[PDB]
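First up is the structure itself, then whatever we jot down about it.
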Amino acid sequence: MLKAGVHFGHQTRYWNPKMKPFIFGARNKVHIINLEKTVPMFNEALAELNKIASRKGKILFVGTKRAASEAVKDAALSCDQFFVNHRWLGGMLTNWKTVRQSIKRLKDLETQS
RNA sequence: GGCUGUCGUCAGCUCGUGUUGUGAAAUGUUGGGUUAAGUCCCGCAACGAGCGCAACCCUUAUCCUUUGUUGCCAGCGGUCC
Ligand SMILES: [Mg+2]
Ligand SMILES: [Mg+2]
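So for the first sequence, the deposited numbering puts the first residue at 8; every next one is plus one.
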């Protein structure tokens, strides 16, 4: 099952009871995730993800925090998928129809940079 | 009506969209700095915009080009200086 070498799942008491099923944990006053449930989760996850992908679908990666920021400007910045590695501008998706023309500007700047 | 004084040349006053709240409303315009300034930077469920601040206007301080009378006299002669 564990095709995933090393990511035992941090965070100690600061937990969330909604996250009981996916837990086997209890070590050194901190939770351990679950082998036999992390792996099964690709099941519904990589299945649908690589299907909508086949149907030609935009992806968009999201990962703020300067601890994996350019680590998403990566093989996510390789395919027809996209990314957000910094500040998530509130409403860039629900208010897309406004934020869109902040892009139109970016374009005008790099189109003369 | 038009025009004017006043707070005050104070740094303020608002809207679109989005989002939050049953709602009046909120956010943006909190906050950390910074500035003469809602000035700017960072931040941030906000993203942007309008009036305002600033700039564009005039004048003042240095220089340059063009211009030389009614303005000017440095080097030239003459002197009723
Ligand atoms: Mg302004
Ligand atoms: Mg002005």
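No residue lacks a Cβ here, since even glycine has one placed at the ideal position from N, Cα and C.
Restricting attention to 64, 68 and 112, the CA atom closest to the CA of residue 95 is found in 68. Around the beta-carbon of residue 93, fewer than 16 other beta-carbon atoms lie within 10 Å, marking it exposed.
Distance from the CA of residue 34 to the CA of residue 77, rounded to the nearest whole angstrom, comes to 32 Å.
The C-alpha of residue 115 lies about 15 Å from the C-alpha of residue 106.
Here DSSP, grouped into helix, strand and coil, assigns residue 13 to coil. Spanning the alpha carbons of residue 29 and residue 56 requires a straight line of approximately 21 Å.
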